[PDB]
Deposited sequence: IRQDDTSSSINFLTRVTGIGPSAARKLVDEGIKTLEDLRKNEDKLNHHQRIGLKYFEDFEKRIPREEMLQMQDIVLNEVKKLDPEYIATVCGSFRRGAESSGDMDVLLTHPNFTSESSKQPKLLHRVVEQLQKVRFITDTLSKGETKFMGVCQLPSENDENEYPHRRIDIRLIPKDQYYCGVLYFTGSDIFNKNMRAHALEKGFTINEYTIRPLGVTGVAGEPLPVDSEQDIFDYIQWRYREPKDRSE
């Protein structure tokens, strides 16, 4: 009812999951002013979401993402040019506006065999924070970081969501592909690959076999190699709507 209407509002909060939104109702937390008066019931994540609830509802204009991406890129280069960093999402596809910035990141040092190099990501984050670009963190794993950022005012920008992922270099490409979408796109493509006897995922492309349950990741060094294995002309991201 007008109360279910309540849980619906909660979940609008980044961090607030249903079961998590639910209990807060059983606590008599419904509107938002409720929540502000009740930070203590919330985790760091949720607190942040709450913190930026408004802004988080606003969309990112690509004139904005552009500058974002430049900042992110120039910072990572200065730390180690051997760093690969690509802003994926519809944004990559040319989208006129975006919801959040999401950066895929890699390094040759780091590969699907290593698997343990937090410092790799961390250093970036830190450099970003030092920059005053990242501004808060919702969470922050060895391999992933979700947070907030903001362009630099000279006089102000909204705070945006940002995600940074660390992928082993031998998996990066697929991943870039993958986070590039669109979803149909991925779908049609894995579909195709399959015709051609190949199985793709966000991590790797693999040849199938008899009975079907098969594989063993082919080497990828670019998105192109993906398309090449499946012998499909290469689609630049803009041409990826489907």
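Sequence ranges 1-3, 159-161 have no coordinates in this entry (deposited sequence, numbered from 1, C-alpha basis).
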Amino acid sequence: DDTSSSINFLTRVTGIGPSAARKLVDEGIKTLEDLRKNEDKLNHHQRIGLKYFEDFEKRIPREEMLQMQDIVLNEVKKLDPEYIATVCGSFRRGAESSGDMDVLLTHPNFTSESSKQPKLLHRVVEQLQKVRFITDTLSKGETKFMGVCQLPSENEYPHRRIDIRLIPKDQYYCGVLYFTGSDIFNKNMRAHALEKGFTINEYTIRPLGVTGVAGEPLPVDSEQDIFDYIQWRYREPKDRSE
From here on, numbers count along this sequence of modelled residues.
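Take the two forms, find the largest set of C-alpha atoms that superpose within 1.5 Å, and that set is the rigid core.
Annotation: of the segments 175-183 and 208-216, 208-216 departs further from this form in 8 other deposited structures of this protein (C-alpha atoms, root mean square over structures and residues, core superposition). A summary of the deposited B-factors shows that, of 213-221 and 179-187, the stretch with the larger mean C-alpha value is 213-221. For the segment pair 95-103 and 123-131, the entry gives 95-103 the higher mean B-factor, averaged over Cα atoms.
When the C-alpha B-factors of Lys58, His44, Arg62, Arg36 are read from the PDB record, the largest value belongs to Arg36. The PDB entry gives the largest Cα B-factor of the residues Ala193, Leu50, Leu208, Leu66 to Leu208.
Split the chain's modelled residues into thirds by C-alpha temperature factor. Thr143 is in the middle one. Remark: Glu27 belongs to the highest third of its chain, ranked by C-alpha B-factor as recorded. Placement of the Cα temperature factor of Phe9 within the chain: highest third of the modelled residues, per the deposited record. Compared with the other modelled residues of the chain, the Cα B-factor recorded for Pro152 ranks in the highest third.
In the PDB entry, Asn74 places in the middle third of its chain by CA B-factor.
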